[PDB]
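Okay, upload_14.cif now, which holds mmCIF, C-alpha atoms:
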```
data_structure
#
loop_
_atom_site.label_atom_id
_atom_site.label_comp_id
_atom_site.auth_asym_id
_atom_site.auth_seq_id
_atom_site.Cartn_x
_atom_site.Cartn_y
_atom_site.Cartn_z
CA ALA A 1 -94.08 135.03 67.22
CA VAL A 2 -94.01 138.81 66.65
CA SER A 3 -93.29 141.74 69.05
CA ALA A 4 -94.13 141.15 72.74
CA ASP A 5 -97.10 139.11 74.05
CA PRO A 6 -100.38 140.93 74.80
CA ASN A 7 -101.82 139.53 78.11
CA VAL A 8 -102.99 143.11 78.82
CA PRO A 9 -106.16 145.15 78.17
CA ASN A 10 -106.07 147.87 75.46
CA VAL A 11 -108.47 150.44 76.99
CA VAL A 12 -108.34 151.45 80.67
CA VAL A 13 -109.25 154.67 82.53
CA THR A 14 -105.83 156.35 82.91
CA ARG A 15 -106.99 159.25 85.14
CA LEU A 16 -109.92 161.52 86.10
CA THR A 17 -109.62 165.34 85.92
CA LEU A 18 -111.92 168.02 87.44
CA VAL A 19 -111.54 171.56 86.01
CA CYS A 20 -113.49 174.32 87.82
CA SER A 21 -111.58 177.51 86.77
CA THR A 22 -111.71 178.47 90.49
CA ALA A 23 -110.13 175.70 92.62
CA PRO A 24 -106.35 175.43 93.03
CA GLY A 25 -106.24 172.97 90.07
CA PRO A 26 -107.83 169.99 88.27
CA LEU A 27 -108.16 167.02 90.64
CA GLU A 28 -106.33 164.13 88.92
CA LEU A 29 -107.51 160.66 90.04
CA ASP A 30 -105.04 158.02 88.77
CA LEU A 31 -106.76 154.74 87.80
CA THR A 32 -103.98 152.38 86.66
CA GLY A 33 -101.85 151.35 89.67
CA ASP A 34 -102.58 152.41 93.29
CA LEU A 35 -106.40 152.31 93.08
CA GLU A 36 -107.07 151.57 96.79
CA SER A 37 -105.28 154.82 97.81
CA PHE A 38 -108.37 156.94 96.94
CA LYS A 39 -110.72 155.40 99.54
CA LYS A 40 -108.39 156.86 102.24
CA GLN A 41 -108.85 160.49 101.11
CA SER A 42 -111.19 162.59 98.91
CA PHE A 43 -111.19 165.64 96.59
CA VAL A 44 -112.28 168.89 98.30
CA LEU A 45 -115.20 170.17 96.17
CA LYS A 46 -117.30 173.36 96.43
CA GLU A 47 -120.95 173.53 97.69
CA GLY A 48 -122.21 173.29 94.07
CA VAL A 49 -119.82 175.01 91.60
CA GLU A 50 -120.51 174.17 87.92
CA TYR A 51 -117.50 171.90 87.22
CA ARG A 52 -116.79 169.68 84.19
CA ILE A 53 -115.18 166.20 84.33
CA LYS A 54 -112.68 164.74 81.83
CA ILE A 55 -111.86 161.00 81.80
CA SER A 56 -108.55 159.85 80.25
CA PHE A 57 -107.80 156.36 78.82
CA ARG A 58 -105.10 154.77 76.63
CA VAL A 59 -106.10 152.74 73.55
CA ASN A 60 -103.23 150.79 71.93
CA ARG A 61 -104.72 147.56 70.47
CA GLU A 62 -108.31 147.55 69.11
CA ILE A 63 -111.16 150.02 68.52
CA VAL A 64 -113.87 150.37 71.20
CA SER A 65 -117.04 151.25 69.24
CA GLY A 66 -119.19 152.19 72.26
CA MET A 67 -117.11 153.82 75.04
CA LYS A 68 -119.25 154.53 78.15
CA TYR A 69 -118.70 156.14 81.58
CA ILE A 70 -120.80 155.52 84.72
CA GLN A 71 -120.83 157.12 88.20
CA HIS A 72 -123.10 156.34 91.19
CA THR A 73 -123.23 159.29 93.62
CA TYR A 74 -123.33 157.08 96.75
CA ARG A 75 -124.41 159.19 99.76
CA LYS A 76 -124.60 157.99 103.40
CA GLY A 77 -124.30 154.43 102.04
CA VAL A 78 -127.38 154.87 99.78
CA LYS A 79 -127.35 155.78 96.06
CA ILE A 80 -128.85 159.18 95.14
CA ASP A 81 -127.81 159.52 91.45
CA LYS A 82 -126.16 157.02 89.06
CA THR A 83 -126.23 157.16 85.22
CA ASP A 84 -124.13 156.17 82.16
CA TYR A 85 -122.38 158.57 79.74
CA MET A 86 -122.43 157.58 76.03
CA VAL A 87 -119.07 158.72 74.57
CA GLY A 88 -118.68 157.31 71.01
CA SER A 89 -116.41 155.02 68.95
CA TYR A 90 -112.70 155.09 69.90
CA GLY A 91 -109.87 153.64 67.76
CA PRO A 92 -106.26 152.83 68.72
CA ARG A 93 -104.03 155.56 67.25
CA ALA A 94 -100.88 155.80 69.42
CA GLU A 95 -101.62 157.30 72.87
CA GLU A 96 -104.61 158.02 75.16
CA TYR A 97 -107.48 160.52 74.72
CA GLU A 98 -109.55 162.65 77.14
CA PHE A 99 -113.36 162.57 77.49
CA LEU A 100 -115.17 165.79 78.53
CA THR A 101 -118.47 165.94 80.48
CA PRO A 102 -120.51 169.17 80.36
CA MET A 103 -121.19 171.35 83.44
CA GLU A 104 -122.23 169.58 86.67
CA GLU A 105 -123.28 171.56 89.77
CA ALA A 106 -122.41 169.73 93.01
CA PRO A 107 -124.88 169.26 95.90
CA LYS A 108 -124.83 172.48 97.98
CA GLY A 109 -126.50 173.41 101.30
CA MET A 110 -125.50 173.46 105.00
CA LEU A 111 -126.25 169.70 105.06
CA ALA A 112 -124.90 168.95 101.58
CA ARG A 113 -121.38 169.45 103.05
CA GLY A 114 -119.61 166.10 103.65
CA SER A 115 -117.86 163.28 101.74
CA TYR A 116 -119.85 161.71 98.86
CA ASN A 117 -118.75 158.18 97.85
CA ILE A 118 -118.97 157.69 94.06
CA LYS A 119 -119.00 154.43 92.04
CA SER A 120 -117.64 154.94 88.50
CA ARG A 121 -117.53 152.02 86.03
CA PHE A 122 -115.96 152.96 82.67
CA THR A 123 -117.13 150.15 80.35
CA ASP A 124 -117.46 149.78 76.57
CA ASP A 125 -120.31 148.38 74.43
CA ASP A 126 -118.36 145.21 73.60
CA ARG A 127 -118.61 142.43 76.25
CA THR A 128 -117.03 143.55 79.59
CA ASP A 129 -115.96 146.44 81.85
CA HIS A 130 -112.60 148.15 81.10
CA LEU A 131 -112.17 149.37 84.71
CA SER A 132 -114.17 150.55 87.75
CA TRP A 133 -113.27 152.05 91.16
CA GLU A 134 -114.69 154.34 93.88
CA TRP A 135 -113.74 157.84 95.14
CA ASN A 136 -115.37 160.21 97.66
CA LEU A 137 -116.10 163.94 97.18
CA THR A 138 -115.89 166.25 100.23
CA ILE A 139 -117.94 169.46 99.82
CA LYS A 140 -116.85 172.54 101.82
CA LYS A 141 -117.37 176.34 101.87
CA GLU A 142 -114.53 177.89 99.79
CA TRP A 143 -111.18 176.32 98.76
CA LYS A 144 -109.87 179.77 97.66
CA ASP A 145 -112.04 182.57 99.12
#
```
Write the structure described by the file as structure tokens, please.
Amino acid sequence: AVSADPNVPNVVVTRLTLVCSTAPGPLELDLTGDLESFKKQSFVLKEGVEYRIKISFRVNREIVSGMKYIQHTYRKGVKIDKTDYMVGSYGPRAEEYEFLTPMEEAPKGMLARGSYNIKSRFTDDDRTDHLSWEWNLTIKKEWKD
């Protein structure tokens, strides 16, 4: 044989970042080992600040011509917004990359405050789903003001 055996996927969501240029820092959601530790807590978000989201993933085996990112804004148990994000063709170079979603205002309002469960399924246009999990988003008044 040659080198070590595969028996492992080549593309998996390594982490999720949330830059807002206002909060205390980018919320990093690890998605490789402890995945059930996110359903116990949530990321404090602002009423509706325009924040961008960046998904990270390592590719060290084959190219993924058709990387996609999904996210169902589950609210009160019911879905209120879920869509896919066409990324592009990714090839294995040496390490992982970082996707970047444009602005995204959160739900604001005296009632909008609360935890919002989200279903994200990062899949590729090949024949399966690389990885998928679920994290909640707690909206508040001001995390730094």
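A straight line drawn from CA of residue 53 (chain A) to CA of residue 142 (chain A) is 19.4 Å long.
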Fill in: Spatial sel., origin (-115.1, 154.1, 72.1), limit 8 Å, only C-alpha atoms, listed as number ranges by chain
A: 63-68, 87-91, 124
Suppose we keep C-alpha atoms; can you now write the selection as a JSON list (two decimals), in the frame of the given file?
```json
[["chain", "number", "residue", "atom", "x", "y", "z"],
["A", 63, "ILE", "CA", -111.16, 150.02, 68.52],
["A", 64, "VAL", "CA", -113.87, 150.37, 71.20],
["A", 65, "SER", "CA", -117.04, 151.25, 69.24],
["A", 66, "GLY", "CA", -119.19, 152.19, 72.26],
["A", 67, "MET", "CA", -117.11, 153.82, 75.04],
["A", 68, "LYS", "CA", -119.25, 154.53, 78.15],
["A", 87, "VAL", "CA", -119.07, 158.72, 74.57],
["A", 88, "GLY", "CA", -118.68, 157.31, 71.01],
["A", 89, "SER", "CA", -116.41, 155.02, 68.95],
["A", 90, "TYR", "CA", -112.70, 155.09, 69.90],
["A", 91, "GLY", "CA", -109.87, 153.64, 67.76],
["A", 124, "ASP", "CA", -117.46, 149.78, 76.57]]
```
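Relative to CA of residue 121 (chain A), CA of residue 10 (chain A) is found at 16.1 Å.
For residue 8 (chain A), the non-local neighbours within 12 Å, defined as residues at least 2 positions apart in the same chain or in other chains and counting all atoms listed in the file, are residues 4, 5, 6, 10, 11, 12, 59, 60, 61, 62 and 130 of chain A.
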Worksheet entry | Result set, the PyMOL selection byres ((chain A and resi 104) around 12) on current file, as a ChimeraX atom specification | /A:18-20,45-54,100-103,105-108
Can you pull out every residue within 7 Å of residue 137 (chain A), counting all atoms listed in the file, but drop anything in the same chain fewer than 6 positions away, and send it as a PDB file with C-alpha atoms, in the frame of the given file?
```
ATOM      1  CA  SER A  42    -111.190 162.590  98.910  1.00  0.00           C
ATOM      2  CA  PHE A  43    -111.190 165.640  96.590  1.00  0.00           C
ATOM      3  CA  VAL A  44    -112.280 168.890  98.300  1.00  0.00           C
ATOM      4  CA  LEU A  45    -115.200 170.170  96.170  1.00  0.00           C
ATOM      5  CA  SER A 115    -117.860 163.280 101.740  1.00  0.00           C
ATOM      6  CA  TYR A 116    -119.850 161.710  98.860  1.00  0.00           C
ATOM      7  CA  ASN A 117    -118.750 158.180  97.850  1.00  0.00           C
TER       8      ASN A 117
END
```
Fill in: Picked residues, the PyMOL selection byres ((chain A and resi 28) around 7), as a PyMOL selection string
chain A and resi 15-18+26-27+29-30
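Those residues positioned at most 10 Å from (-101.0, 156.8, 81.1) are residues 12, 13, 14, 15, 30, 31, 32, 56, 57, 58, 59, 95, 96 and 97 of chain A, judged using only C-alpha atoms.
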Worksheet item: At what distance in Å, to one decimal, does CA of residue 145 (chain A) lie from CA of residue 24 (chain A)?
Response: 11.0 Å
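Among the candidate residues A:22, A:141, A:74, A:2, the one lying nearest to residue 120 (chain A) is A:74, with distances computed using all atoms listed in the file.
The closest residue to residue 9 (chain A), picked from A:112, A:78, A:131, A:23 and counting only C-alpha atoms, is A:131.
Counting all atoms listed in the file, the residue from A:94, A:118, A:1, A:35 that sits nearest to residue 82 (chain A) is A:118.
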Worksheet item: When distances are computed from all atoms listed in the file, which of A:140, A:119, A:127, A:93 shows the smallest separation from residue 71 (chain A)?
Response: A:119
Dump of region 86-106 of chain A from preceding block, N, CA and C atoms, as an mmCIF file, in the first residue's frame:
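To be explicit, this is the file written out as out.cif:
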```cif
data_model
loop_
_atom_site.group_PDB
_atom_site.id
_atom_site.type_symbol
_atom_site.label_atom_id
_atom_site.label_comp_id
_atom_site.auth_asym_id
_atom_site.auth_seq_id
_atom_site.Cartn_x
_atom_site.Cartn_y
_atom_site.Cartn_z
ATOM 1 N N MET A 86 -24.910 28.856 -2.565
ATOM 2 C CA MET A 86 -23.964 28.331 -3.600
ATOM 3 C C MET A 86 -22.581 28.954 -3.394
ATOM 4 N N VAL A 87 -21.582 28.142 -3.161
ATOM 5 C CA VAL A 87 -20.206 28.684 -2.937
ATOM 6 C C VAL A 87 -19.392 28.635 -4.238
ATOM 7 N N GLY A 88 -19.034 27.458 -4.692
ATOM 8 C CA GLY A 88 -18.239 27.348 -5.954
ATOM 9 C C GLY A 88 -17.475 26.021 -5.972
ATOM 10 N N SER A 89 -16.474 25.916 -6.812
ATOM 11 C CA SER A 89 -15.682 24.650 -6.890
ATOM 12 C C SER A 89 -14.450 24.738 -5.983
ATOM 13 N N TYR A 90 -14.284 23.782 -5.102
ATOM 14 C CA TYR A 90 -13.116 23.803 -4.173
ATOM 15 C C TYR A 90 -12.168 22.638 -4.478
ATOM 16 N N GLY A 91 -10.883 22.887 -4.466
ATOM 17 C CA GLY A 91 -9.900 21.800 -4.755
ATOM 18 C C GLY A 91 -8.975 21.609 -3.544
ATOM 19 N N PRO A 92 -8.491 20.398 -3.361
ATOM 20 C CA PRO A 92 -7.590 20.119 -2.216
ATOM 21 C C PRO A 92 -6.200 20.705 -2.475
ATOM 22 N N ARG A 93 -5.802 21.679 -1.698
ATOM 23 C CA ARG A 93 -4.456 22.294 -1.892
ATOM 24 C C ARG A 93 -3.507 21.849 -0.777
ATOM 25 N N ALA A 94 -3.858 22.114 0.459
ATOM 26 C CA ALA A 94 -2.977 21.705 1.596
ATOM 27 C C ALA A 94 -3.692 21.906 2.936
ATOM 28 N N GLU A 95 -4.450 22.967 3.071
ATOM 29 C CA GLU A 95 -5.158 23.223 4.361
ATOM 30 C C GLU A 95 -6.650 23.513 4.124
ATOM 31 N N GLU A 96 -7.271 24.235 5.026
ATOM 32 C CA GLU A 96 -8.722 24.555 4.875
ATOM 33 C C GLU A 96 -8.915 25.984 4.359
ATOM 34 N N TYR A 97 -10.108 26.300 3.923
ATOM 35 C CA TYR A 97 -10.390 27.675 3.415
ATOM 36 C C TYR A 97 -11.419 28.351 4.324
ATOM 37 N N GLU A 98 -11.993 29.442 3.885
ATOM 38 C CA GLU A 98 -13.005 30.146 4.728
ATOM 39 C C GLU A 98 -14.054 30.835 3.850
ATOM 40 N N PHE A 99 -15.266 30.343 3.869
ATOM 41 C CA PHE A 99 -16.351 30.971 3.054
ATOM 42 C C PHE A 99 -16.719 32.324 3.672
ATOM 43 N N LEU A 100 -17.437 33.151 2.957
ATOM 44 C CA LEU A 100 -17.810 34.489 3.514
ATOM 45 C C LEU A 100 -19.195 34.917 3.020
ATOM 46 N N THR A 101 -20.173 34.919 3.893
ATOM 47 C CA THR A 101 -21.544 35.347 3.485
ATOM 48 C C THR A 101 -21.662 36.869 3.647
ATOM 49 N N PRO A 102 -22.417 37.498 2.772
ATOM 50 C CA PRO A 102 -22.580 38.973 2.838
ATOM 51 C C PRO A 102 -23.313 39.390 4.115
ATOM 52 N N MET A 103 -23.672 40.646 4.211
ATOM 53 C CA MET A 103 -24.380 41.148 5.432
ATOM 54 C C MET A 103 -25.628 40.311 5.734
ATOM 55 N N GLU A 104 -26.077 40.341 6.962
ATOM 56 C CA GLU A 104 -27.288 39.560 7.348
ATOM 57 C C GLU A 104 -27.882 40.131 8.637
ATOM 58 N N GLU A 105 -28.829 41.027 8.518
ATOM 59 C CA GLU A 105 -29.452 41.633 9.736
ATOM 60 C C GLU A 105 -30.251 40.583 10.509
ATOM 61 N N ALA A 106 -30.066 40.530 11.802
ATOM 62 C CA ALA A 106 -30.806 39.534 12.633
ATOM 63 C C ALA A 106 -32.227 40.045 12.929
#
```
